[PDB]
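Report on the structure given below.
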Amino acid sequence: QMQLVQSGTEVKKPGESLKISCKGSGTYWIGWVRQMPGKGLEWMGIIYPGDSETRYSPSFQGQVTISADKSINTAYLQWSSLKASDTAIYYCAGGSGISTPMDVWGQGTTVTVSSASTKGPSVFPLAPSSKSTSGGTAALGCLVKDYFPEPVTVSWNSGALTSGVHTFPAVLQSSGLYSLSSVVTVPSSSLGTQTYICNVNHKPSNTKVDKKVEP
Amino acid sequence: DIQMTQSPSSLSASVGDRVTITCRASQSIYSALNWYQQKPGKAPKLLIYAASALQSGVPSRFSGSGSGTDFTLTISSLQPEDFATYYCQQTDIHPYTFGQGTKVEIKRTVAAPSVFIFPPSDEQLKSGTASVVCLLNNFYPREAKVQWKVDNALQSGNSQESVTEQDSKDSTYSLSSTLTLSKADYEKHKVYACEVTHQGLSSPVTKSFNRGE
Ligand SMILES: [Cl-]
Ligand SMILES: [Cl-]
Ligand code: NA
């Protein structure tokens, strides 16, 4: 398959420089696309690496540099001074032949720009009670609070409990730290019979927490 | 730049339905229009180029139509793998601008949420904060309003929410809202309430507790 392979996840501070890469293996042009978290696709610009002719979307002109090294079939997107608002996924796209534009896409490079620093989560119980019980069903969970950067993984009972589990998307707090909840609905008669443990892994901080959640 | 308008922003459909979604360009772009599919956590995939040409490997239930300013993407018989977000993009004039996307979600009947409230843990209070979590479980459609009240005072600026992707089994959504206060602020108030508004409820549902009760 013709494919475009992008460079890995980036976590940067405001004012840092950054250069990300897009390599073709198996296009006479490469485009760049921004997708901010929870938002749609935005066209940034294009380069023809044969002679490095570039064009920028007026929104991106002077905000980023597109470049290429034809000798190694690689294109780049470079910032001299990152902003928090540069937090996004970046995709490169190209054309596997002369008739089908944008048929090849890179897998995307996730870039986080924040003043926050690497931090493992606090894992708090969301205890089942009468305030979380509805006709024989109880809800319980874990609040996975104040971590940076994404992502975290959550399982229940080491992956044995999957039915009725809702693990929410994280929210970014005004502190610059993420928070997410994971909940499960269970028979209220199981409380006190079945142990419920949320297994939390935050690889960026090497944090692993197993939190027992009891009534 | 060319403005691309997609309609609708989201639509609900059943497996086997014929689904159309529209894309308008702010000037004629002839037949220079691509359609993409995107699923959560994945790169966009080209379905259709030149307004009506199927990309290799795309199922023949997908078709495109239109020329000039007004374009459509039709799925003749919607399959479970087709619930996704769709984008159009003009390929005529740089910059090659995108539409804002149309999400195709699964249609089901209205389902009221089950509402659960969770007081802060002693572990968190010792650490200096108080989070109160309001869970709206397994409802439809996605639109819901959660209001926090502390001693019957409406809160602003101190809560955040997020919603799950539609469950592929029962086609419902769930929503978590977190009210976060300082430990000092939490200790000054008695009654913590989340008030839920949803199409499935004939009137708002309040779940509440009294601090230390
Ligand atoms: Cl088909
Ligand atoms: Cl765009
Ligand atoms: Na046509």
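Chain A is the first sequence line, chain B the second, and so forth, proteins listed ahead of strands; every chain is numbered from 1.
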I need the single residue from B/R61, B/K103, B/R18, B/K45 that forms a salt bridge (charged side-chain N to carboxylate O under 4.0 Å, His left out) with B/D82. Which is it? B/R61
Minimum heavy-atom separation for A/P14 and A/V113, please, with both atom names. N-CG1, 3.7 Å
Can B/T180 and B/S131 be counted as having a side-chain donor-acceptor contact under 3.5 angstrom? yes
Yes or no on side-chain contact (heavy atoms from CB on, under 4.5 Å) for B/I117 and B/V132, after CA distance, side-chain angles and deciding distance? CA-CA 7 Å; B/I117 190 172; B/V132 189; 3.9 Å; yes
Do B/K207 and B/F116 come within less than 4.5 Å of each other through their side chains, counting heavy atoms only? no
Euclidean distance, B/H94 NE2 relative to A/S57 OG, rounded to 0.5 Å: 7.0 Å
Is a side-chain N or O of A/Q107 found less than 3.5 angstrom from the main chain of A/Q6, in a donor-acceptor match? yes
Within the supplied structure, the quantity of interest is the number of heavy atoms (other residues, nucleotides, ligands) at a distance under 6.0 Å from B/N158 CG; does it exceed 12? yes
Taking atom NZ of A/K13 as the centre, does the number of heavy atoms from other residues, nucleotides or ligands within less than 6.0 Å exceed 12? yes
Do we see a donor-acceptor contact under 3.5 Å between the side chains of A/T112 and A/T87? no
Would A/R34 and A/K39 count as a side-chain contact (heavy atoms from CB on, under 4.5 Å) if you check the C-alpha gap in whole Å, the side-chain angles of each, and the deciding distance to 0.1 Å? CA-CA 9 Å; A/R34 185 174 71 175; A/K39 303 302 177 54; over 6 Å; no
Do you see a donor-acceptor pair shorter than 3.5 Å between the side chains of B/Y140 and B/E105? yes
Between B/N138 and A/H166, does any side-chain donor sit less than 3.5 Å from a side-chain acceptor? yes
In terms of ring plane angle, is the pair B/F139 and B/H198 parallel, tilted or perpendicular, where the classes change at 30° and 60°? perpendicular
A/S122 side chain to A/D146 side chain, donor-acceptor N/O pair below 3.5 angstrom: no
Spacing of OG1 belonging to B/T172 relative to CG belonging to B/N137, to within rounding of 0.5 Å: 7.0 Å
Quick check: does any side chain N or O of A/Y147 sit under 3.5 Å from a backbone N or O of A/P204, one acting as donor and the other as acceptor? no
Would you say the side chains of A/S190 and A/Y196 form a donor-acceptor pair under 3.5 Å? yes
Indicate whether any N or O donor in one side chain lies under 3.5 Å from an N or O acceptor in the other, for A/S155 and A/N199. yes
Main-chain N/O of B/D122 paired to B/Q124 side chain as donor or acceptor, under 3.5 Å: no
Going by heavy atoms in the side chains, are B/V133 and A/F124 under 4.5 Å from each other? no
Would you say A/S181 and B/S176 are linked by a side-chain donor-acceptor pair, where the criterion is simply a distance under 3.5 Å? yes
Polar side-chain atom of A/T110 near backbone of A/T9 as donor-acceptor pair, under 3.5 Å: no
Any luck finding a side-chain donor-acceptor pair between B/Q89 and B/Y36 under 3.5 Å? yes
So does B/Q79 have more than 12 non-hydrogen atoms from other groups sitting under 6.0 Å from CD? yes
In this structure, CG of A/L161 is separated from CH2 of A/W156 (nearest 0.5 Å) by 7.5 Å
Write down the atom of B/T97, the atom of B/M4, and the distance for their closest heavy-atom approach. O-CG, 3.6 Å
B/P120 versus B/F209, closest heavy-atom pair with distance: CD-CZ, 4.2 Å
Check B/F118, B/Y186, B/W148 against B/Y192 for a ring pair (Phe, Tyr, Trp, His ring centres under 6.0 Å) and give me the one that passes. B/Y186
How many angstroms lie between OG1 in A/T74 and NZ in A/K23, if you round to the nearest 0.5 Å? 5.0 Å
Does the B/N34 side chain pair with the main chain of A/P101, one donor and one acceptor, at a distance under 3.5 Å? yes
For A/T207 and A/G120 the tightest heavy-atom approach is OG1-CA, 3.6 Å
When you measure from the side chain of A/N157 to the backbone N and O of A/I197, does any donor-acceptor pair fall under 3.5 Å? yes
Go through the steps for B/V115 and B/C194 under the test side-chain contact (heavy atoms from CB on, under 4.5 Å), then give the verdict. CA-CA 9 Å; B/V115 181; B/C194 70; 4.1 Å; yes
Give me the atom names and distance for the closest heavy-atom approach of B/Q90 to B/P95. NE2-O, 2.9 Å
Side chains of A/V33 and A/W105: closer than 4.5 Å at any heavy-atom pair? yes
Taking side chain as C-beta onward, heavy atoms only, is B/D151 less than 4.5 Å from B/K190? yes
Do A/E150 and A/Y178 pass the side chain to side chain donor-acceptor pair (under 3.5 Å) test, and can you show the C-alpha distance, the side-chain angles, and the key distance before you say yes or no? CA-CA 7 Å; A/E150 289 267 58; A/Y178 297 90; 5.7 Å; no
Would you confirm whether B/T74, through its side chain, and B/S63, through its main-chain N or O, come within 3.5 Å as a donor-acceptor pair? no
For the residue pair A/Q173 and A/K145, what are the closest heavy atoms and their distance? OE1-NZ, 2.9 Å
Is there a side-chain contact between B/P44 and B/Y87 (heavy atoms, below 4.5 Å)? no
Judged by atom type as modelled, is there a donor-acceptor pair below 3.5 Å linking the side chain of B/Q166 to the main-chain atoms of B/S171? yes
Rounded at 0.5 Å granularity, tell me how far CD in B/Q160 sits from OG1 in B/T178. 8.0 Å
Quick check against the 3.5 Å criterion: does B/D167 have a side-chain atom that pairs as donor or acceptor with the backbone of B/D170? yes
Could you tell me if B/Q37 and B/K42 have a donor-acceptor pair between their side chains, going purely by distance under 3.5 Å? no
Given side-chain contact (heavy atoms from CB on, under 4.5 Å), test B/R142 with B/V163 step by step and report yes or no. CA-CA 8 Å; B/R142 186 177 189 289; B/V163 182; 3.9 Å; yes
Do B/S174 and A/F168 come within less than 4.5 Å of each other through their side chains, counting heavy atoms only? yes
Please determine whether a side-chain nitrogen of the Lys or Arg among A/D86 and A/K83 lies less than 4.0 Å from a carboxylate oxygen of the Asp or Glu. no
Minimum side-chain heavy-atom gap A/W43-B/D1 below 4.5 Å: no
Contact check, side chains of B/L135 and A/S132, non-hydrogen atoms, under 4.5 Å: no
Side-chain donor or acceptor of A/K131 paired with backbone N/O of B/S208 under 3.5 Å: yes
If I take atom CD from residue A/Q63 and atom OG from residue A/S81, how far apart are they, to the nearest 0.5 angstrom? 10.5 Å
Between B/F62 and B/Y86, how do the two ring planes meet: parallel, tilted or perpendicular, split at 30° and 60°? tilted
